[PDB]
Peer 1: 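Take a look at this one; I'll ask things after.
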Amino acid sequence: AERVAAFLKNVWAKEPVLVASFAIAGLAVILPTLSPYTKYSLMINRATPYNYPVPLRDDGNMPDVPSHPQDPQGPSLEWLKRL
Amino acid sequence: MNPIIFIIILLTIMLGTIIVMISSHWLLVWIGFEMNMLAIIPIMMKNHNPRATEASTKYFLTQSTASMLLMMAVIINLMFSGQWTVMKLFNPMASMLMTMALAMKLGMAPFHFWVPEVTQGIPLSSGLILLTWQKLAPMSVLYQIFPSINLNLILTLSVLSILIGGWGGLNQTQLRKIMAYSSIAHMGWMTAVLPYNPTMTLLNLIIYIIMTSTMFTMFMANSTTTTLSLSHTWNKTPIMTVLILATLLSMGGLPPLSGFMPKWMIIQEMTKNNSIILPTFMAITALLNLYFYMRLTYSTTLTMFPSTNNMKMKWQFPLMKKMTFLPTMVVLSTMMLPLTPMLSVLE
Amino acid sequence: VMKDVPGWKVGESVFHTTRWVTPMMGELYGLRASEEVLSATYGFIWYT
Amino acid sequence: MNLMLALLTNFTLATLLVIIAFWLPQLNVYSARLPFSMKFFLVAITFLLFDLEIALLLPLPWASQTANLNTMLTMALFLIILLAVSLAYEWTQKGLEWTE
Amino acid sequence: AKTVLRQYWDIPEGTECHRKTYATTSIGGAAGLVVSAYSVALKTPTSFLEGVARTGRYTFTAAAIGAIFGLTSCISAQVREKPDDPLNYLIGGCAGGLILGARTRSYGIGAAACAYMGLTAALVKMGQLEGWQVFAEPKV
Amino acid sequence: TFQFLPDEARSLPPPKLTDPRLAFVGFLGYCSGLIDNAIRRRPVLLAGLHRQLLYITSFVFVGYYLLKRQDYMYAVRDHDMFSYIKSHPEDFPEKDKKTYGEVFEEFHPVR
Amino acid sequence: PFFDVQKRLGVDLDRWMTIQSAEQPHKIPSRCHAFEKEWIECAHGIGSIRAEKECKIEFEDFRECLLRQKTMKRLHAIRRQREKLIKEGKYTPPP
Amino acid sequence: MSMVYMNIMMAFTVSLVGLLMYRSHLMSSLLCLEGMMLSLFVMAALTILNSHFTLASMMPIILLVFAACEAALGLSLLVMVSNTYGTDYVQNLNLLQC
Amino acid sequence: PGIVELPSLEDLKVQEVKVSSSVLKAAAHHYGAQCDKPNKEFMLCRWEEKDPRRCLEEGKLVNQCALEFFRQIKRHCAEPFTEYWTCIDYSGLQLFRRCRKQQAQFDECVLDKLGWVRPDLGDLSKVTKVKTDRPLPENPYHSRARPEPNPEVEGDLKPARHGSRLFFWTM
Amino acid sequence: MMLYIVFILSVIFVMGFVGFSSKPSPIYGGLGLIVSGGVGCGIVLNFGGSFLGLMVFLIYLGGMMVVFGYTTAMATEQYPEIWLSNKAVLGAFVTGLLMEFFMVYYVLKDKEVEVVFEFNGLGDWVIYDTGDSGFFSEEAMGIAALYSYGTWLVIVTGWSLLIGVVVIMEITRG
Ligand SMILES: CCCCCCCCCCCCO[C@@H]1O[C@H](CO)[C@@H](O[C@H]2O[C@H](CO)[C@@H](O)[C@H](O)[C@H]2O)[C@H](O)[C@H]1O
Ligand SMILES: CCCCCCCCCCCCO[C@@H]1O[C@H](CO)[C@@H](O[C@H]2O[C@H](CO)[C@@H](O)[C@H](O)[C@H]2O)[C@H](O)[C@H]1O
Ligand SMILES: CCCCCCCCCCCCO[C@@H]1O[C@H](CO)[C@@H](O[C@H]2O[C@H](CO)[C@@H](O)[C@H](O)[C@H]2O)[C@H](O)[C@H]1O
Ligand SMILES: N=C(N)NC(=N)NCCc1ccc(I)c(Cl)c1
């Protein structure tokens, strides 16, 4: 550890540009896995409707599928509004 | 070259070939050839001399031209079928362009001129890769597109290579050029049987690679690149001359040696298809190769050529070259005929 | 126009299938004025 | 049409300015190798190879819109790291030196 | 090349000699042109005229062989009244071989060419009668 | 798909460890060991017996599996052929066999 | 592939881009998606020797969608005839 | 086929004939090689765009990237040839005749 | 090959919704809530039949629902709506966020005089379900009968009869 | 007419190819390839290939062809030979130019032509797609997919570019 700190002080004195580069590059690799917000990036992208939502033929056995856009069933974006 | 870089470049040569062999998409096949060609140039150039630069440049121009023609065939195939799947092509003009492109890469006659010149101009180890490993990727594509190949075109390429390879080797005293023309002739056997039984193409390719590797390894052990240099082997490593004799007789297709097997099975497959004139013509024409293999055996093993006084200094030092796999390769190159039915593993 | 062309059948499909096929540009605007065709073909690509 | 007009105007004007610049009243009645340096060649080639990697990164703003963000982020970083490795190799092999 | 060979083998042997001699002469001329093209590309002539002289020399030499073979083999079949006979082609093949000796001004080449080309033509006739395949279609 | 020995090959009897082909493979491995000694100028018969043993063992080990695939590929060929013959009886009719008393053969005297 | 590593491992290295009727970003279909689908489904599993003869109708339709040669030829015919009649003043086109 | 394919196919043939009929400069033959790539890029792009083969839209870029890398290798060989002889003339690359 | 059947010019006639795109954009959110059922019935038909000729009747109902939708805005909320879509029409990108005041006046007017509630963020992008008496198509692709699969192979794998049978080899 | 813009660009494309393919001084050959590259981008642009068209400018012209001219000025030609002063170049240029014109004349006269193969001559606009009302660029969606679907393409492509650096440093070290 002490040898690790002595090495870091040496590079900080002689090559601060490279030290900063490696530190930034290390944060870029690591921080997405530690961030609680990374999961919303997946959800927001999926929630963007690029193409038409084709309706399903009602067979009488789809209680979880809304009949009207304003009916309660179906995905909600309330989590996105509060974000 | 740095030893680690040399390893990574060798692995890239292999990776490019592997990509060609595992790909189902034509673009990835093209990428495999591009990556493979990029990585092989540095081992042609590694000895840094005008001859190695000329060989690398002649090689680059040939392979780049062939890859452009291949990409044309792929794009024409896309236009007329709307897909990239590696298989039969869906347009006869595309088939001719891909067949010609792959013939150029393999150095088949009449696209053969680069093979003797490039092999002569590069080190023995690089020539070993050029004449063995580099045949794998183009042959594996031919293995998959052969249903759509024009029969007359492929058999014409095969017949020309057997004639050009046989005649070209008669005038050679350089070992690398002898191997180059020998390679051209052997490619002709591989493609002549491909329309009838691709399995026999694989058998010929594998056995050819084994005997070709054996010969290059034995040349490398003694640093011999010319006939006259090889004629000094008897006065240094007498065992090596016997191994060279046995391997050359095998490459000549003489029973009871392993090199008889591919010619034997190709003749069988062609006769089953009522092809009689062609196999007979091929077998007789292959006697040209036997002639200049026999010439090498005369000057290497069956006679003792004049020596030099300084050779005595060599008697006091042992062989220190790796000669990797040589004992195994030579035994497979000569003693495999009794196991011929094992070819079914390639089915 | 093709009333007196021998053998011509009017509105004959070029496809074996009877499935509806989306017409290409020349099928819809084939006989229309060049200004409309130009707008339908290159108007979006050329817009500012 | 507008862009074609703009381009034609810009270069047509540039041609005209060159014209009058070369012809105004004057009022008077009376393939070898260029001392080739290998270092400048390697700068150009290095620029080319880095330029091709930039071509591969340019789609990134659109790629971030995917639902497959796990794959997309991993490949984006992989490409940039390999670019850094290329620079590191050139650097440590004295490819960025101008002496000798 | 398939169109001329279709014309030649369509005519019965020993009949319509002039048509037969035209097909073989044109076939011989094509081979001569092919040889000239490779010869000029791989062995550069000293001048443009030298390249033209060589092309004509090879091309006429090859058409001369093609003409004599066609004419001689068609007369032999007519005179002997033996259409489906390989011996007519052997006679026609050897005649073409002698021309090569004359055009190359040699006696050994003419004798060697007569025997080798004479046998080859006879073999070609046998294969036509017996349906021998050179480039056989894959069947099994 | 891309399998050296598919699972269906296990219904076939294994090659015997005394297979004559396997013995020949072992002999080839022995020969390679001697040629290794010879090219390096060691005593051909005695030098490096540990190395000579691995040459034989390696050849036999690889040879055994190659023989297994060989036999399985020929079993598959026969299986395919017999199934196709059953599926297409019209192409393989059972031949009407006559005796030599009924069959006429020309006689060609040697005189 | 010569060695079908992809199927052996179940990994998809390049199959995703081999045909235009495969999955696409945002379900954007190709113009000939329905023709490719019909031809692929007709020819599936029977081998190219059989499919060349038995799926010829689907393949001919698919090739027509790809390059539109027959459609262009038919349009060429109607336009060529229309120019003739107008050149002879026998036809006036509607607005 | 559509009318554009005529000229794009012609352009490839022109550059292919240019590549196969060398003059003196090795650079001139490299330009024909890159001309071949250009015509391939355009033809592939036209086919892919017109057919709306969405995922294939990246293919011309991959072709461009790899072909540029191949051209970089070719240029490196040209300069090494030029360093040896002082020109990029292909008539100097005839040592392996013997 | 046969004749492409086309509906007559008269079968295509319908009363058009001849309003500009800023008008449609302004009314889009209430339009989606109000005319959902005929609209979703039409879109189900199109994606199931894959043929515009087979959904002309449903397409006409889509037009009628929209015309009645805009007749109710005209009757009650003509002035607030006109201010709103004029605000949208000014923007080169027709942006909602530039017109929140006017949108509020129109939204309050329709709610007061028509009970219309603007659907929330995410509502109109839902996959809903439609009840249709139209029969589900059987062969929408008009596929031919698929070729018969090759005769399968079944049985017990036995050793090859007399081995390889290659020339003289006995195994 | 502007309805033939793609065809007109393709004609110019061919003439530029005949330009450098007849192989004048590499300085002029490089110029001919640059003009063909720009015209080639224009053809791609008119098929909806906005991003692809601009890559030719950015990468082919601004990258590869810049390096070609840089190398030509440094290792090939420093002073161009007068254009078409050589007989073979002039003959090859004239021969190709006449072939293109004869092609273009007939296709425009008959609205078709058979140059080895059959080509329609009604205008490339006829094959265009008649329905497009998506809220995105399809070309952009396809190219963006390189990072989601094309993991394997990224790996091999990125690896090859790294080996390109390594290989070129080896080649030139000498
Ligand atoms: C020389 C080769 C160099 C290669 C370098 C590759 C570096 C890659 C580092 C990061 C890779 C993964 O980076 C990130 O990890 C977290 C782990 O929770 C993932 O997970 C996060 O996003 C996903 C969405 O897909 C959510 O479902 C999940 O709840 C969330 O935690 C992210 O989707 C991913 O973007
Ligand atoms: C030293 C010897 C060197 C090698 C010699 C090789 C000899 C090979 C024999 C020649 C090939 C056999 O000859 C070939 O046989 C087939 C069999 O119908 C003929 O085939 C022909 O059939 C009919 C006529 O019957 C024709 O209408 C048709 O055009 C053609 O296909 C060929 O026209 C003929 O050229
Ligand atoms: C020589 C280099 C050695 C290193 C070898 C590294 C090989 C890496 C292989 C990467 C591909 C792995 O396998 C593949 O991965 C991606 C996700 O990662 C998956 O792909 C996934 O995302 C995209 C987006 O839709 C689609 O391809 C597909 O819908 C989905 O499956 C594939 O379904 C899976 O088959
Ligand atoms: N294309 C060819 N003519 N050859 C070919 N491989 N035929 C397939 C017949 C065959 C032969 C041996 C075996 I063992 C198996 Cl399993 C199958």
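One-based numbering, in listed order, for ligands and for the atoms of each. Throughout, protein chains are lettered first and strands after them, A, B, ... in sequence-line order, and every chain is numbered starting at 1. These values consider heavy atoms only, across backbone and side chains, with no hydrogens, waters or symmetry-generated copies.
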Peer 1: Relative to the heavy atoms of E:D10, which atoms of ligand 2 are at a distance of less than 4.0 Å?
Peer 2: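 Near E:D10, the atoms of ligand 2 are 27 (O).
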Peer 1: Would B:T85 and B:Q83 count as having a side-chain donor-acceptor pair, cut-off 3.5 Å?
Peer 2: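 Result is yes, a qualifying pair exists.
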Peer 1: Drop me the distance from E:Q7's CD to E:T24's OG1, to the nearest 0.5 angstrom.
Peer 2: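 Between atom CD of E:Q7 and atom OG1 of E:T24 there are 12.0 Å.
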Peer 1: G:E23 heavy atoms, cut-off 4.0 Å: which ligand 3 atoms fall inside?
Peer 2: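 Near G:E23, meaning under 4.0 Å from one of its heavy atoms, ligand 3 has 25 (O), 29 (O).
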Peer 1: Under 4.0 Å from a heavy atom of E:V134: which atoms of ligand 2 are those, numbered in the order shown and with their elements?
Peer 2: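 Answer for ligand 2: 8 (C), 11 (C).
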Peer 1: Any side-chain donor paired with an acceptor under 3.5 Å for B:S158 and B:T191?
Peer 2: yes
Peer 1: Under a 4.0 Å heavy-atom cut-off, what residues line ligand 1?
Peer 2: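 A:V29, A:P32, A:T33, A:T38, A:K39, A:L42, D:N70, D:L73, D:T74, D:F78, D:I81.
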Peer 1: Any side-chain donor paired with an acceptor under 3.5 Å for B:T12 and J:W159?
Peer 2: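 Their side chains do contain a donor-acceptor pair, which is all the 3.5 Å distance test asks for.
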Peer 1: Thinking salt bridges, do E:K125 and E:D84 make one under a 4.0 Å N-O criterion?
Peer 2: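 Yes, E:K125 and E:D84 are salt-bridged.
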Peer 1: Quick one about G:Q6 and G:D14 (side-chain donor to acceptor, distance below 3.5 Å, no hydrogens or angles considered), yes or no?
Peer 2: yes
Peer 1: Just jot down the ligand 3 atoms closer than 4.0 angstrom to any heavy atom of J:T151, in number order.
Peer 2: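 Taking each heavy atom of J:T151 in turn, ligand 3 has 10 (C) under 4.0 Å.
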Peer 1: Just checking, any donor-acceptor pair under 3.5 angstrom between side chains of E:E13 and E:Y89?
Peer 2: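 Distance-only check passes for E:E13 and E:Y89.
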Peer 1: Quick check on E:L123 - does any of its heavy atoms sit under 4.0 Å from an atom of ligand 2?
Peer 2: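 Under 4.0 Å: yes for E:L123.
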Peer 1: For F:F2, look at atom CZ and say whether over 12 heavy atoms of other residues, nucleotides or ligands are found less than 6.0 Å away.
Peer 2: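 Enclosed.
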Peer 1: Can we say G:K7 and G:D4 salt-bridge, meaning some charged N sits less than 4.0 Å from an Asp/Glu carboxylate O?
Peer 2: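 A salt bridge is present here (some side-chain N lies under 4.0 Å from a carboxylate O).
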Peer 1: Between B:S275 and E:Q133, do the side chains contain an N or O donor and an N or O acceptor separated by less than 3.5 Å?
Peer 2: no
Peer 1: If you count the atoms of ligand 2 from 1 in the order shown, which ones are under 4.0 Å from a heavy atom of E:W132?
Peer 2: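 Checking each atom against E:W132, I get 12 (C), 15 (O).
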Peer 1: With heavy-atom distances below 4.0 Å as the criterion, list the atoms of ligand 2 near E:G127.
Peer 2: 12 (C), 13 (O), 15 (O)
Peer 1: Which one holds for J:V156 and ligand 3: side chain close, backbone close, both close, or neither close, with close meaning a heavy atom under 4.0 Å?
Peer 2: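 The answer is neither.
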Peer 1: Can you check whether E:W9 has an N/O within less than 3.5 Å of an N/O in ligand 2?
Peer 2: yes
Peer 1: Heavy-atom contact check, 4.0 Å cutoff: does G:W16 meet ligand 3?
Peer 2: no
Peer 1: In a single word, yes or no, tell whether E:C17 and E:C74 have an SG-SG distance below 2.5 angstrom.
Peer 2: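 No.
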Peer 1: In ligand 2, which numbered atoms sit nearer than 4.0 Å to a non-hydrogen atom of E:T120?
Peer 2: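 Selected atoms, number and element: 1 (C), 2 (C).
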Peer 1: Check each heavy atom of E:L119 against ligand 2 and say whether those closer than 4.0 Å belong to the side chain, the backbone, both or neither.
Peer 2: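 Looking at E:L119 and ligand 2, no heavy atom falls under 4.0 Å.
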Peer 1: Any chance OH of A:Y52 has more than 12 other-residue heavy atoms, nucleotides or ligands included, within less than 6.0 Å?
Peer 2: yes
